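Shown next as structure tokens: one chain only, the form deposited in one PDB entry.
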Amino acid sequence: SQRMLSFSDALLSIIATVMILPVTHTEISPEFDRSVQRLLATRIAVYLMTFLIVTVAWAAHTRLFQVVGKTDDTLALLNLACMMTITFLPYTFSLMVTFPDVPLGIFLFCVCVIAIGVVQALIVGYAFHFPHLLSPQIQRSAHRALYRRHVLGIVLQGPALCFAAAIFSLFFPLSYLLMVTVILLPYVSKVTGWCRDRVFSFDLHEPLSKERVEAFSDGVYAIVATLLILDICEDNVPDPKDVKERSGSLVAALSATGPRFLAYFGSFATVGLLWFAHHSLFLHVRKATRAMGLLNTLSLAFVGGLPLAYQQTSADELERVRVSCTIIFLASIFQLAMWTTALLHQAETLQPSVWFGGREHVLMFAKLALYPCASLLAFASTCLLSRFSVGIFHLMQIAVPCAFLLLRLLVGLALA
């Protein structure tokens, strides 16, 4: 009844992160640094916007399926169609980006989004056609029943805007920006600008379920961790024709991939550590608020960029680590931002054990703040020349959590 959601967002993870592939697959070797840097920046921007749009579409989808509590075979088929459409998103986005002036690209992206909208429209129509079967709960069923007239709008207002943008494409298309409204309307507008009412249970932009965001984050963490060690594998086979390469001695020609091997090692270590922080935190969240997921999206966005950082590290250029440092910091600090959200609702979120002055509050606090502090140290490394020591530092990084249940005891020793 709910596993379909698990398959859905597991697919959506991998979809979101698809655009990270050309980032890693670029050639950092200057065998032209200005133009290749500009191309890498373009690809990074495309990936970031892609993750953002796939994430907001995923949020719309999970909200919709939260307003649909049960599941039918036909419902599952419609969800599969919706998944296919939303899957087609990143390609359309990249196409529209690398061809902004041609109306065909924007038209393709817009037909993609109106398609991902109309299938959800059929989904909610099916739902409201079978109340006793697919309504979430009693209040979702026993109510004014106008929720459809309401929720339809929320599912339709997004794509409908595209409609106008659609007709604006080849009309004569300076604006071209209504798509951005599709992002901004459901996030803040209904919260601030104007809502529609006339007992109520909104379910319009209610906070995501902890399990759904949790599964999505786990999916993306995995697909980055395995994203690295999966290009080495498919691209670093010693090529048995290597009899000419290196003598024989396979170890010789194997040590050539050593740099990117250690790169994958460190990247997986850092990604797994970040996931461990994320899992320890989200194990203690009681009801993940909207701001929580909002911050989580950005944290995941930078975690996705992390492999490019770790590849740049193991490639006056001693500034590379600097870059590959900030990403880590970013990929952690927004996470820490979530941790600095207990003050928003200690009673509703962050179940009492982790409250200010809780049984292990300092423990969780330092376990989350450990990576931003380490990245800040490797950043301030700038003060000297032996900055490439960052590696051993991050080494010591992973050495902390094992003894960290005891290292916090040191702060306990600070009782006197």
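By rigid core we mean the largest C-alpha set that fits within 1.5 Å across both forms. Residue numbers run from 1 along the displayed sequence.
In the record comparison, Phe93 is modelled in each of the other entries of this protein that model the residues flanking it, with no third of them omitting it. Compared with other PDB entries of the same protein, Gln157 is missing from at least a third of those that resolve the residues around it.
In this entry, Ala315 and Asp316 are separated by 4 to 9 residues of the deposited sequence that lack coordinates.
According to the record, the deposited sequence contains 1 to 3 residues between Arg246 and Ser247 that were left without coordinates.
Below, we turn to the form deposited in another entry, even though it does not appear here.
Among the residues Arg212, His278, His284, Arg140, the single one whose Cα moves by at least 2 Å between this form and the one not shown, once the core is superposed, is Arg140. Once the cores line up, the CA of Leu21 ends up less than 2 angstroms apart between this form and the one not shown.
After superposition on the rigid core, displacement of the C-alpha of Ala45 between this form and the one not shown stays below 2 Å. In the core-superposed comparison between this form and the one not shown, the C-alpha atom of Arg387 has shifted by at least 2 angstroms. The Cα-Cα distance between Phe365 and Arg387 is lengthened by 3 Å or more in that other deposited form relative to the form shown here. Relative to what is shown, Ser375 and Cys402 are closer in that other deposited form; their C-alpha atoms differ in spacing by at least 3 Å.
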